[PDB]
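The next block holds one structure in the form of C-alpha cells; read it before the comments.
Just so it is clear, none of the values below were taken in a lab; they were calculated from the coordinates.
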Amino acid sequence: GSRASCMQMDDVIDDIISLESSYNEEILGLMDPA
Amino acid sequence: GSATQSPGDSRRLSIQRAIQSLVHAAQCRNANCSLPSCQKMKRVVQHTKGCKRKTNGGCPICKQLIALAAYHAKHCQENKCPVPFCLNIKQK
Ligand SMILES: [Zn+2]
Ligand SMILES: [Zn+2]
Ligand SMILES: [Zn+2]
C-alpha cells in the first residue's frame with residue numbers, strides 16, 4: 001500500500017494535547033474566585 | 001489567579017491519582033475493602049457496566065475513564081488490563 005500512511009497526522013497525539021488541556025474539565029468546573 | 005487554563009502538569013497527577021482508584025476498583029473483589037477512593041470508584045467502574053448514555057455524551061464519568069485509560073493505555077501493550085476503558089482503547 002501507499003507508505004504515506006505512516007507519515008500522516010496522528011489523531012491520537014493531537015488527542016493527548018487536548019486531554020492534557022482538558023481531560024474532563026466538565027467535572028472539574030474549576031473557578032478562580034479572584 | 002495562578003492559571004486561566006488547565007496545565008498538563010496538574011491534570012497529569014490528577015489523572016494518576018484517579019487512575020490509582022480506577023485500576024484498583026476495577027479488579028478489586030475484596031468486599032472488606034474500605035480504602036479512600038476504590039469504594040466510590042467501584043460504582044464508577046460499575047457505572048460503565050450498562051452505559052448507553054455515554055454515546056450521547058451524557059457520561060462525564062465514562063469521559064473520565066476514557067480520559068484516564070487513554071493516558072494509562074499509552075504505556076499499555078497488553079490485551080487484558082484492570083481498568084475498563086483501557087481495553088476499549090485497544091478496540092481501535
Ligand atoms: Zn478495593
Ligand atoms: Zn458511563
Ligand atoms: Zn492498561
### Message
Under the 0.36 nm per residue contour assumption, what length would be gained going from the current alpha-carbon distance of B:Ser2 and B:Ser14 to full extension?
### Response
2.6 nm
### Message
Need the list of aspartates and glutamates near B:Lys92 for cross-linking: C-alpha distance under 20 angstrom, and skip anything on the same chain fewer than eight residues off.
### Response
A:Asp10, A:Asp11, A:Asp14, A:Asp15, B:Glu78
### Summary
Honestly the protein assembly as shown on the Cα gyration tensor test (a ≥ b ≥ c root eigenvalues; a/c under 1.5 rounded, otherwise a/b vs b/c for prolate or oblate) is just oblate
### Query
Pairs B:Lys42/B:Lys90; B:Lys52/B:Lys80; B:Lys63/B:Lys90: which are spaced more than 20 Å apart, C-alpha to C-alpha?
B:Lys42/B:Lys90; B:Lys52/B:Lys80
### Task
Name the shape class, rounded, prolate or oblate, that the alpha-carbon gyration tensor gives for chain B, where a ≥ b ≥ c are the square roots of its eigenvalues, rounded holds for a/c under 1.5, and otherwise prolate holds if a/b is larger than b/c and oblate otherwise.
rounded
### Contour excess over end-to-end distance, with Cα ends at B:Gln39 and B:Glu78 and 0.36 nm allotted per residue
11.5 nm
